[PDB]
Asks: 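Just dropping this structure here.
Protein chains get the first letters and strands the later ones, always in sequence-line order, with residue 1 at the start of each. The figures that follow rest on heavy atoms only: side chains count, while hydrogens, waters and symmetry mates do not.
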Amino acid sequence: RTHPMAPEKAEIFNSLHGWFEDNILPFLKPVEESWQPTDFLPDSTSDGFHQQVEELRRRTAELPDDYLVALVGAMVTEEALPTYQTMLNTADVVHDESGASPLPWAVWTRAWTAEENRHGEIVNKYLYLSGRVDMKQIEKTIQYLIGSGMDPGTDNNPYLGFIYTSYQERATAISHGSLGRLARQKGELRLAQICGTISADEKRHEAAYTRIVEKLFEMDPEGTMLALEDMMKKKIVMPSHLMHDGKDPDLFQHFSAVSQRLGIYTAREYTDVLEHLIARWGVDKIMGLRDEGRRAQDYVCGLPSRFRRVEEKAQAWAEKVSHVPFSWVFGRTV
Amino acid sequence: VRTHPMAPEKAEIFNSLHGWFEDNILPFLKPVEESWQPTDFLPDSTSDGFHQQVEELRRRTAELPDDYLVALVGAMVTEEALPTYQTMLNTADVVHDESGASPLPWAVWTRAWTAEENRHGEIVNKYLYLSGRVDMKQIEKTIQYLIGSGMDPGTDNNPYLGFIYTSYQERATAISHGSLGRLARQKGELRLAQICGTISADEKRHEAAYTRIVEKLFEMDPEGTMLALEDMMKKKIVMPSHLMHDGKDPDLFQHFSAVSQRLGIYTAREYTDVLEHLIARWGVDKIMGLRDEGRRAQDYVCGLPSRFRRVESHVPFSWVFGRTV
Ligand SMILES: [Fe+2]
Ligand SMILES: [Fe+2]
Ligand SMILES: [Fe+2]
Ligand SMILES: [Fe+2]
């Protein structure tokens with residue numbers, strides 16, 4: 001671990017229980033008011049169930065393979081949810097000590113996980129009914145991914161975990177948002193509504209974790225700045241970066257290329273998230289830092305300009321697109 | 001309040017079992033390429049007979065009574081709260097997954113065990129969806145409530161208690177799905193009977209692994225493991241989904257448990273059967289190297305089956321569209 005949390009910082013999180021209840025918990029959507037996968041699937045209690053399923057298969061029959069790979073990979077990432085609640089519960093002090101702790105930090109993690117459980121569920125059933133993808137190869141991919149876990153480099157530090165999740169929540173909101181807009185272009189409005197509804201959930205989660213880091217910047221500007229530098233040096237990795245389907249050892253890299261080729265969370269948008277978080281957290285305006293925090297502040301604020309220069313060179317000399325087989329789509333070359 | 005936390009010096013026991021765990025516990029995992037998947041038991045959506053396979057599924061499930069549906073749904077909802085269970089395993093001291101992808105054998109098992117668990121709720125959820133016999137939205141509300149509530153089995157972050165609890169509950173879930181499969185076969189629903197029986201076989205592998213872990217703990221630390229067994233049995237082995245509710249019935253778990261036990265699915269008699277099996281399986285009455293405290297704990301645990309033998313309403317369910325079960 002390169003950046004473990006100092007033990008005395010426990011007093012910061014232990015003093016925020018009342019603040020967390022008033023400011024972070026309201027970002028949760030009440031269960032009785034929340035959408036469920038049933039709302040977007042054919043009604044199995046209706047006499048027209050078979051007709052509704054057939055209409056689903058017709059509207060999905062024209063989805064190209066490259067969109068299917070991008071959609072499946074995002075769903076596979078969502079389906080590895082048990083790894084994500086475990087990751088949140090690796091953070092010191094704020095983790096769920098008993099599995100049902102009434103502390104506000106643990107109440108959020110369980111309720112956040114409960115909201116997350118519906119995201120992979122709706123797309124999985126939708127893709128199952130579509131018949132357009134090899135569900136067994138996808139289910140093997142999910143089993144491999146959960147067994148592999150993830151390594152975001154958070155070092156059991158809630159500072160790093162909340163910064164990482166703030167980054168990935170916006171990334172996942174952009175991803176599901178782009179997946180819905182691409183579905184809309186292909187005439188598939190229901191899946192567009194599904195992806196847009198999932199994206200709206202991620203925006204609420206983004207605002208909550210972003211508010212947590214904002215509070216940490218207020219109470220500990222030095223610690224949070226050093227944590228932000230450490231996460232950006234490690235880079236924000238996608239939680240499903242160890243995915244493989246038992247056929248392609250480089251499944252994640254190949255899926256990522258297809259997803260970014262379609263405009264779903266490109267490298268340019270990775271930099272857009274950093275610029276937004278810099279402006280939202282006011283990283284360039286934080287005062288009262290020491291020399292170590294000042295170097296971290298200058299490092300983070302200098303990253304956007306360096307990233308744009310890499311993107312300009314990639315715009316002129318881009319690598320040729322390679323097409324590779326995907327077991328998700330029955331081994332066809334995508 | 002933790003009543004039985006693990007002594008810090010017990011860490012050396014688990015740290016000495018990394019090689020033993022790889023050689024003896026990890027082989028209980030089923031390789032992914034050899035593992036069944038929900039697709040194997042569901043209508044093939046890539047086939048031309050997809051609609052016919054779905055309709056045949058609905059025909060076999062059209063006669064399932066409400067009491068069996070409630071028992072089956074409640075077992076599926078328990079399976080769907082999987083993210084709570086991997087967190088529970090990672091609350092144990094020393095043996096938890098510190099980084100989420102740790103190569104330590106204890107963490108390799110936990111992630112792979114969770115991966116196997118993910119298919120159990122998945123197959124029954126999709127099967128019940130296609131059946132059209134149950135209110136899927138009320139079930140999805142129940143799952144969201146359950147994950148948000150979590151669970152508290154009283155393991156006190158103690159791997160001794162966690163492995164004893166899981167050994168107990170793994171057998172309970174294997175028996176539960178076994179009875180659900182036997183009842184499905186009686187009603188002519190053969191496919192679901194194979195599904196519940198295949199899930200039960202997964203739990204038997206998990207039971208044997210955690211049972212093997214506790215057996216090793218009895219060998220290396222008979223006093224500590226005996227004291228842990230007494231503490232868990234005093235706390236009672238609670239079902240992981242004991243905090244379930246559907247936003248309609250605050251007593252959903254008690255009402256679901258009554259329906260499930262009325263049908264013969266993991267009755268109070270079978271709760272005692274698990275204890276008696278674990279007593280004989282672990283050789284609790286013959287364990288060596290005990291002190292005065294462990295012998296007193298041993299006399300309590302081995303006396304419980306006799307105490308349990310002497311100890312041995314219809315309500316609406318939103319799962320079945322509010323009908324009285
Ligand atoms: Fe999500
Ligand atoms: Fe999310
Ligand atoms: Fe299970
Ligand atoms: Fe199990």
Asks: Given heavy-atom pairs under 4.5 angstrom as the criterion, report whether the side chain, backbone, both or neither of B:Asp152 touches chain A.
Replies: both
Asks: Would you sort out whether B:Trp36 and B:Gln194 count as a side chain to side chain donor-acceptor pair (under 3.5 Å), showing the intermediate values?
Replies: CA-CA 12 Å; B:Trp36 65 271; B:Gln194 182 180 6; over 6 Å; no
Asks: So which part of A:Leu129 gets closer than 4.5 Å to some heavy atom of chain B, the side chain, the backbone, both or neither?
Replies: both
Asks: Heavy-atom pairs under 4.5 Å with chain B: which of A:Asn117, A:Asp43, A:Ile138 has the most?
Replies: A:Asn117
Asks: For A:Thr45 and B:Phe321: C-alpha separation, side-chain torsions, deciding distance, then whether side-chain contact (heavy atoms from CB on, under 4.5 Å) applies.
Replies: CA-CA 11 Å; A:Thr45 71; B:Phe321 310 99; 3.7 Å; yes
Asks: What part of B:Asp93 lies closer than 4.5 angstrom to a heavy atom of chain A: side chain, backbone, both or neither?
Replies: neither
Asks: Could you check which of A:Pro37, A:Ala111, A:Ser34 has the highest count of heavy-atom pairs closer than 4.5 Å to chain B?
Replies: A:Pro37
Asks: Among residues at least two apart in sequence or on other chains, which ones pass side chain to side chain contact (heavy atoms under 4.5 Å, CB included) with A:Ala200?
Replies: none
Asks: Of the backbone (N, CA, C, O) and the side chain (C-beta and beyond), which part of B:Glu122 lies under 4.5 Å from a heavy atom of chain A, both, or neither?
Replies: side chain
Asks: Salt-bridged, B:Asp231 to B:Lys234, with N to O below 4.0 Å?
Replies: no
Asks: Identify whether the distance between the nearest side-chain nitrogen and carboxylate oxygen of B:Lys235 and B:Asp156 falls below 4.0 Å.
Replies: yes
Asks: Can we say B:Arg191 and B:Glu56 salt-bridge, meaning some charged N sits less than 4.0 Å from an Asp/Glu carboxylate O?
Replies: no
Asks: Look at atom CD of B:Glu63 and say whether more than 12 heavy atoms of other residues, nucleotides or ligands are closer to it than 6.0 Å.
Replies: no
Asks: Which residues in residues 74-87 of chain A have any heavy atom lying under 4.5 Å from a heavy atom of chain B?
Replies: A:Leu81, A:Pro82, A:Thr83, A:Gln85, A:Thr86, A:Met87
Asks: Which bit of B:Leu42 is near chain A, if near means a heavy-atom gap under 4.5 Å: side chain, backbone, both or neither?
Replies: both
Asks: If you define the side chain from C-beta out and look only at heavy atoms, does anything of A:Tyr164 sit under 4.5 Å from A:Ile236?
Replies: yes
Asks: Out of A:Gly149, A:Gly246, A:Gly131, return the one with the most heavy atom pairs under 4.5 angstrom to chain B.
Replies: A:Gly131
Asks: So for B:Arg2, is it side chain, backbone, both, or neither that comes closer than 4.5 Å to the heavy atoms of chain A?
Replies: neither
Asks: Applying side chain to side chain contact (heavy atoms under 4.5 Å, CB included), can you list everything that pairs with B:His18, at least two apart in sequence or on another chain?
Replies: B:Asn15, B:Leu104, B:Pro105, B:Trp106
Asks: Pick one of side chain, backbone, both or neither for A:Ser148, based on which atoms fall under 4.5 Å of a heavy atom in chain B.
Replies: backbone
Asks: What option among B:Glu116, B:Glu55, B:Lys137, B:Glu117 has the most heavy-atom pairs under 4.5 Å with chain A?
Replies: B:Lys137
Asks: Heavy-atom pairs under 4.5 Å with chain A - which of B:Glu98, B:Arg119, B:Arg111 has more of them than the others?
Replies: B:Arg111
Asks: Is there a donor-acceptor contact under 3.5 Å linking the side chains of A:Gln137 and A:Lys140?
Replies: yes
Asks: Output the option from A:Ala114, A:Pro102, A:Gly153 having the highest count of non-hydrogen pairs under 4.5 Å with chain B.
Replies: A:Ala114
Asks: Tell me, side chain or backbone of A:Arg1 under 4.5 Å from chain B's heavy atoms, or both, or neither?
Replies: neither
Asks: Does the side chain of B:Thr110 come under 3.5 Å of the side chain of B:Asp97 through a donor N or O and an acceptor N or O?
Replies: no
Asks: Would you call A:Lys29 and A:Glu33 a salt bridge, taking side-chain N to carboxylate O under 4.0 Å as the test?
Replies: no
Asks: Which atoms of A:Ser101 come close to chain B, meaning under 4.5 Å heavy atom to heavy atom: side chain ones, backbone ones, both, or neither?
Replies: neither
Asks: How would you list, by chain and number, every residue that makes a side chain to side chain donor-acceptor pair (under 3.5 Å) with A:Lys125, sequence neighbours excluded?
Replies: B:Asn125
Asks: With a 4.5 angstrom heavy-atom cut-off, which part of A:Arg132 approaches chain B: side chain, backbone, both or neither?
Replies: neither
Asks: Side chains of B:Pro153 and B:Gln169: closer than 4.5 Å at any heavy-atom pair?
Replies: no
